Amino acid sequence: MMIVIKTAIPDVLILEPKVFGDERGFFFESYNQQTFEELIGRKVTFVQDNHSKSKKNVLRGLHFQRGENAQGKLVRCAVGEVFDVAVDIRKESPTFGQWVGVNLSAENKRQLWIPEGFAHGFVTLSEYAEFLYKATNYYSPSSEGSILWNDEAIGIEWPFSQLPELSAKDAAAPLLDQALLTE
């Protein structure tokens, strides 16, 4: 079965499957279309599944895709553990600029549903972490947008102390207001 926990931000949900465990090992539906739609209240189609691997402390900057290319993302961690973050970047939203952070691990099997209109990011807490997620729309380079991980206006409280290992592009990410200039 799966427990659905609401977060401080309405549209952002934490999902916690409980697995059917036995001698072989375990089995669980990590996703079920019908179930998810009733749970979200709207039809939603995931067209792309991504899988990544990161070393401890690697933080994948805050990302999002603009307008029609915005991606809703249902993310989970298949190996290791990460601290996952969703930031509301809808200018007209009551929770604009607010963030939600959740520990997602292969062990706890938590998933975080991040609707279109949010920026996403995560840091690897384990030696290595393998991150999996489903997106409601296709990857579109021309639509990419980013926000610096430690932006003060959002003020995310990241679980680490050291400076994160960042990609060229995330280290050079704009601040919240700059990033959303034309949005």
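We number the residues from 1 along the sequence you see.
What stretch has the higher average Cα B-factor here, 43-51 or 152-160? Taking the mean C-alpha B-factor of 43-51 and of 152-160, the larger value falls to 152-160.
Tell me, lowest, middle or highest third: where does the Cα B factor of residue 128 rank within its chain? For residue 128, the deposited C-alpha B-factor lands in the highest third.
Chain thirds of CA B-factor: placement of residue 103: Answer is middle: the recorded C-alpha B-factor places it there.
Name the third of the chain's ranked CA B-factors that contains residue 91, choosing lowest, middle or highest. Tercile = highest for this residue's CA B-factor.
Residue 68: which third of its chain by C-alpha temperature factor? Highest third - that is where residue 68 ends up once the chain's C-alpha B-factors are sorted.
Could you look up the Cα B-factor of residue 37 in the entry and say which third of the chain it sits in: lowest, middle or highest? For residue 37, whose C-alpha B-factor we compare with every modelled residue in the chain, the answer is the middle third.
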